[PDB]
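Spelled out, the chains give:
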Protein chains: 2
Amino acid sequence: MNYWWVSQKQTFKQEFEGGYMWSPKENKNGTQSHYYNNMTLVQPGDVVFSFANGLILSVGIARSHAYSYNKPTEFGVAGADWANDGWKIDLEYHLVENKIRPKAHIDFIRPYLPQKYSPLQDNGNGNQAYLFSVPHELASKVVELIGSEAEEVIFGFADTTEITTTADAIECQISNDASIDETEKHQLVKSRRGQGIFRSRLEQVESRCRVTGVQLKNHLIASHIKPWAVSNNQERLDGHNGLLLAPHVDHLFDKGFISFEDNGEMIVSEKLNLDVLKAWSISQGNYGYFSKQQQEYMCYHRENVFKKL
Amino acid sequence: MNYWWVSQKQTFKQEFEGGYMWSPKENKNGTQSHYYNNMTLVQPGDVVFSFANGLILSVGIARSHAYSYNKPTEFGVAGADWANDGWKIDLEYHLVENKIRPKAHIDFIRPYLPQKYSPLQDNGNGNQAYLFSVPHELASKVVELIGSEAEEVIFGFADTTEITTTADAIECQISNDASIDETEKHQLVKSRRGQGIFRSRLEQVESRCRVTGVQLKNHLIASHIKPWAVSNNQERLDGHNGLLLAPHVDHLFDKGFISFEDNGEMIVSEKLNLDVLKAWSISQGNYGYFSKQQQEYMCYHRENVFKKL
DNA sequence: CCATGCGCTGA
DNA sequence: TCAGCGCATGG
DNA sequence: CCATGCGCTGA
DNA sequence: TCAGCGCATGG
Ligand SMILES: [Cl-]
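Residues numbered from 1 in each chain as written, not as in the entry; some residues may be left out. Chains lettered and ligands numbered in written order. Heavy atoms only, no water.

Student: Quick rundown of the overall build of chain A? Include the residues and the values.
Tutor: Scanning chain A for helices and strands turns up eleven helices and eleven strands. In terms of its C-alpha atoms, chain A occupies a principal-axis envelope of roughly 65 × 45 × 35 Å. Across the 309 residues that make up chain A, the buried fraction comes to 56%. Taking all contacts inside chain A whose residues are at least 6 apart in sequence as the whole, residues at least 24 apart take part in 67%. As displayed, chain A offers around 13700 Å² of accessible surface, 47% of which is attributable to carbon and sulfur atoms. (Helix = DSSP H or I, 4+ residues; strand = E, 2+ residues; numbered from the N terminus. Buried < 20%, exposed > 50% of the residue type's maximum accessible area, 1.4 Å probe, protein only. Contact = heavy atoms within 4.5 Å. Areas by Shrake-Rupley, 256 points an atom, 1.4 Å probe, with all protein chains shown as cover.)

Shown next, in the form of structure tokens:
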């Protein structure tokens, strides 16, 4: 997941109200702009900090790659200088109550500014350009300053969108892969959504939500332990590579907010606000023993899915 | 959603272990069979009752339309009579502890048996054929007899698969509609998953899971009130046509297990096992008041989504 | 009238 | 269990 | 050296 | 507000 700084002082209202980022393709003499170029490197699920009148107003999630769009008519005078031919990105705006003025924290920030294409000068004054790369180290500091409601937008949200993208790719490769017969194809694709032979088999091994106790099949999700995306065709359909979970536990476990030791002990990530568990009346503690086959898979989960610091 | 009866006395082990239904295409002399024909009318998410040794052993969900497949080699002698060229369906088997003997309920059932292609004779003896249509009125009686753990497989599970299918259709028609520009297309498609400008807007109106109290954006789902599927392009992107919900509340509300009055009072469906709410520590009662625009949408939900009997 | 078919019955 | 007896369906 | 640009300043 | 004044970047 990549981070971005978007200086929007001229047109922030229009871009937030429109739920978009927009720039020209080139500068007004036809020449290449690294800033406008950056538009084409923005991935769905990449975080974008909106900066205007010296303040960070939005922690944004990008919901598109840059697509060829003409200047917004609602820009008026404020964007008369910009070429009509432009890049547009759909940005999931998230307003933040705590709008940090970066300049006022420059002492903390400056060391994490990149040497070239910094959004800020060394005095902490914004550079005159539209879009800059934000190195993850700098990103982590901006986030620290804005506090909770920046972490809220990233962890188990924005940083899940690229995972989803990687899984979609794999689902297309399966559906065009001759090497696996039409039944395997069908049962692999269905196993992803927790359907087909995988679900049947899981129910043979487990009978209820390990955490909540619910046994009713219509209120349980057939989540994998080792995620579908990284599992071989054997493990994608293995009943032992699965847990029946209530949707909110599936949520917490799928994203690695909680995991389990081999002994059943719940492990809670530092990234999970304990308030969540209190609000959903979920206790820490032992949720029963795992089979040897299960413990193999639950280990991969701890080391690869479960969010560490 | 269509229901089906599949008589599997000869090959049930093989078909359940394989997570499939299979029949020949035709009878021994190339002649047409309405029963084998029925294979091609089976829709994903259609419910299929497995009948063997006079008992219903499975309430199945179909995970495929019928596809051209040769006889399973594991049938051996037991299926030597059947042509090799056959139909195959992927069946999500769900075993039931309460295995009803339909014959023993025949006096109650008989009137709801169809005139032609009944799976049962009037004495309640199974007919010698593989697959029969089950009309919804007869279906409702079988379900009544098997009790909860048939309802488990159907309500908010099997009957959601066909909804998903209808929604996918709509998402493809949007993406091929010349009349709506590339931004509308993108924001309608993303609004479905609770993403893009719809999410931004919803956050303007609502700030927390109405039920659980969770305020953290990474543990909240942007569910619509009036479902995406039947909302006009205005309502698909309306912030007032939405609720921020914890995943397990999104689950219960999106499928109509719970709804709300205009006053905030939770309404619990007859189809929701109250055990669920106790296990997830959710109380009935008032979950705060709705805006007038919200009350319009919440009403449609009560009458169209919220499961009544 | 005859043929075919994933049920049905245990001498 | 393996055969024989049905009934429902269709040529 | 010259050109360009979603910040910044103040009348 | 919007012209004019910077710095950052590149031809
Ligand atoms: Cl109102």
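More follows now that the structure is in view.
Student: Mind laying out the nonpolar core, listing which residues take part and the relevant values?
Tutor: Ranked by internal contacts, the top residues of the largest apolar core, which has 60 residues, are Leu252 and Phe260 of chain A together with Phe260 of chain B. Beyond its immediate sequence surroundings of up to four residues, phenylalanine 260 of chain B is in contact with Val211, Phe253, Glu265, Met266, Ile267, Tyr287, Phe290, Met298 and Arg302 of chain B. (Core = buried A, V, L, I, M, F, W, Y, C linked by side-chain atoms within 4.5 Å.)

Student: Pulling in residues and values, what's your account of the protein's contact with DNA strand C?
Tutor: Residues and elements named next belong to chain B. Neighbouring residues of DNA strand C: 22 residues in total, closest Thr11, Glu15, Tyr36, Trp82 and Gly126. Each atom of DNA strand C within 4 Å of the protein was assigned to sugar, phosphate or base; sugar and phosphate come to 57%. At 3.0 Å from a base oxygen of DNA strand C is found a main-chain nitrogen or oxygen belonging to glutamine 10. (Near = heavy atom within 4 Å. Polar contact = N/O pair within 3.5 Å; in protein donor to acceptor, adjacent residues only side chain to side chain.)

Student: Which residues make up the layout of surface pockets, and what values do they have?
Tutor: All names here are of chain A. Computed from the structure, the second largest pocket encloses a volume of approximately 810 Å³. Lining the second largest pocket are 35 residues; nearest its centre among them are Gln10, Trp82, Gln128, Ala129 and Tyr130. Within the residue set of the lining of the second largest pocket, elements represented by two or more residues are strand 2 (20–24) and helix 2 (34–38). At three residues, strand 2 tops the list of elements feeding residues into the lining of the second largest pocket. Among the residues forming the lining of the second largest pocket, the class breakdown is 13 nonpolar, 15 polar and seven charged. (1 Å grid on protein atoms, 1.4 Å probe; cavity = no way out; pocket = protein on both sides within 12 Å on 5 of 7 lines; lining within 4 Å. Points joined across faces, edges and corners; volume = space filled by probe spheres on them. Nonpolar A, V, L, I, M, F, W, Y, C, P; charged D, E, K, R; others polar.)

Student: Go over the pattern of salt bridges, please, and point to the residues and values.
Tutor: All names here are of chain A. Tallying each qualifying case throughout the model produces 24 salt bridges over all chains. Its salt-bridge partner being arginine 210, residue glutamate 206 comes within 2.8 Å of it at the nearest N-O pair. Note that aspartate 262 is salt-bridged to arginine 302, the shortest N-O span being 2.6 Å. Placement of the pair is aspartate 262 in the loop between strand 10 (258–260) and strand 11 (266–268) and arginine 302 in helix 11 (residues 292–304), with a sequence separation of 40 residues. Classification of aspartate 262 as partly exposed rests on a relative accessible area of 26%. Salt bridges linked by common partners bring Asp168, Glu171 and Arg192 together as one network. (Salt bridge = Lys/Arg side-chain N within 4 Å of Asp/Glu carboxyl O.)

Student: Give me the interface of chain B and chain A: which residues, what numbers.
Tutor: Across the boundary between the two partners, chain B contributes 55 residues, which contact 55 residues of chain A. Here chain B packs against chain A, burying approximately 4500 Å² in sum over the two surfaces, 55% of which is carbon and sulfur. Across the chain B-chain A interface, the total number found is one salt bridge. Among the ionic pairs, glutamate 152 of chain A bridges to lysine 217 of chain B, the shortest N-O distance being 3.9 Å. Scanning the region where chain B abuts chain A turns up 25 residue pairs in polar contact. (Buried area = accessible area lost by both parts, 1.4 Å probe.)

Student: I'd like a rundown of the protein's contact with DNA strand F, residues and numbers included.
Tutor: Residues and elements named next belong to chain A. Taken together, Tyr35, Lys116, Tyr117, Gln121, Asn127 and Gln128 make up the full set of residues adjacent to DNA strand F. For DNA strand F, the backbone makes up 83% of the atoms found within 4 Å of the protein, where backbone means sugar plus phosphate. One of the side-chain N or O atoms of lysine 116 is found 3.1 Å from a phosphate oxygen in DNA strand F. Grouping the amino acids of the surface near DNA strand F by side-chain chemistry returns two nonpolar, three polar and one charged.

Student: Any details on the relation of the copies chain B and chain A? Residues and values, ideally.
Tutor: The two copies are related by a screw operation: chain B maps onto chain A through 179° of rotation and 0.1 Å of translation along the axis, at an RMSD of 0.5 Å. Taken together, the rotation and translation relating the two chain copies correspond to the operation of a two-fold axis. Every residue of chain B has its C-alpha some distance from the rotation axis, and the shortest such distance is that of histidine 248 of chain B, at 2.4 Å. Comparing interface residues between copies, 98% of those in chain B also lie at the interface in chain A; the contact surface is shared. (Least-squares fit on C-alpha atoms.)

Student: Lay out the domain arrangement of chain A with the relevant residues and their values.
Tutor: Domain boundaries in chain A define domain 1 (3–153) and domain 2 (182–304). Summarising the inter-unit geometry, the C-alpha centres of domain 1 of chain A and domain 2 of chain A are found 38 Å apart. (Domains from an automatic or database assignment.)

Student: I'd like to hear about the environment of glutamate 162 of chain A, residue by residue, with values.
Tutor: Residue and element names in this part refer to chain A. Examined against the element boundaries, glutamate 162 turns out to sit in helix 5 (residues 148–176). By relative accessible area, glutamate 162 is classed as partly exposed at 36%. Taking the C-alpha atoms as reference points, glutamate 162 and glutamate 296, separated by 134 residues in sequence, lie 26 Å from one another.

Student: Go over the packing of helix 5 of chain A against helix 6 (residues 182–192) of chain A with me, naming the residues and quoting the values.
Tutor: All names here are of chain A. Running from amino to carboxyl end, helix 5 crosses helix 6 at an angle of 165°, the nearest separation of the two axes being 10 Å. Judged by the angle between their axes, helix 5 and helix 6 are roughly antiparallel. As helix 5 runs across helix 6, the sense of the crossing is left-handed. Together, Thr164, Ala167, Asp168, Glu171, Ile174 and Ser175 of helix 5 and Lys185, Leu188, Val189 and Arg192 of helix 6 make up the contact between the two elements. Tallied by class, the residues present in the contact of helix 5 with helix 6 amount to four nonpolar, two polar and four charged. (Axes fitted to C-alpha atoms, helices over the stretch in contact; angles between N-to-C directions. Parallel < 35°, antiparallel > 145°, perpendicular 65-115°, else oblique. Left-handed = near helix turned anticlockwise from the far one by under 90°.)

Student: Help me get a handle on the packing of aromatic side chains, residues and values and all.
Tutor: For any two aromatic rings, the description comes down to two numbers: the centre-to-centre distance and the angle of the planes. Overall, the coordinates contain 30 aromatic pairs over all chains when judged by the stated rule. Centre to centre, the rings of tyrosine 20 of chain A and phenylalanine 75 of chain A are 6.3 Å apart; their planes meet at 40°, and the pair counts as tilted. Placement of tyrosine 20 of chain A in strand 2 and of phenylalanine 75 of chain A in the loop between strand 5 (67–70) and strand 6 (85–92) is noted, with a sequence separation of 55 residues between them. In this structure, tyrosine 20 of chain A and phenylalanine 75 of chain A share a single accessibility class: buried. Note on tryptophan 22 of chain A and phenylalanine 75 of chain A: the rings are 5.7 Å apart at their centroids and 80° apart in plane angle, and the pair reads as edge-to-face. With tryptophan 22 of chain A in strand 2 and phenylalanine 75 of chain A in the loop between strand 5 and strand 6, this pair connects stretches of sequence that are 53 residues apart. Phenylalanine 75 of chain A matches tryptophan 22 of chain A in its accessibility class, with the two residues each being buried. Among the aromatic side chains, those forming a connected cluster through ring pairs are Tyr20, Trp22, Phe75 and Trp82 of chain A. Directly above the ring of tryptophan 87 of chain A sits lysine 25 of chain A, whose terminal nitrogen or CZ lies 4.8 Å from the centroid. Here the guanidinium or amino end of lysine 141 of chain B rests over the ring plane of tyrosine 112 of chain B, the centre of that ring lying 5.0 Å away. (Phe/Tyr/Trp six-rings, centres within 6.5 Å; stacked < 30°, edge-to-face > 60°. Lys NZ or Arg CZ within 6 Å of the ring centre and 35° of its normal.)

Student: Tell me about helix 4 (residues 136–146) of chain A, and please be specific about residues and values.
Tutor: All names here are of chain A. Here helix 4 has its buried residues at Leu138, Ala139, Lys141, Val142, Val143 and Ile146. Contacts made by the buried residues of helix 4 are with strand 1 (3–7), strand 3 (47–52), strand 4 (55–62), helix 3 (106–109), strand 7 (131–134) and helix 5. Just beyond helix 4, the residue with positive phi is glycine 147, at close to 75°.

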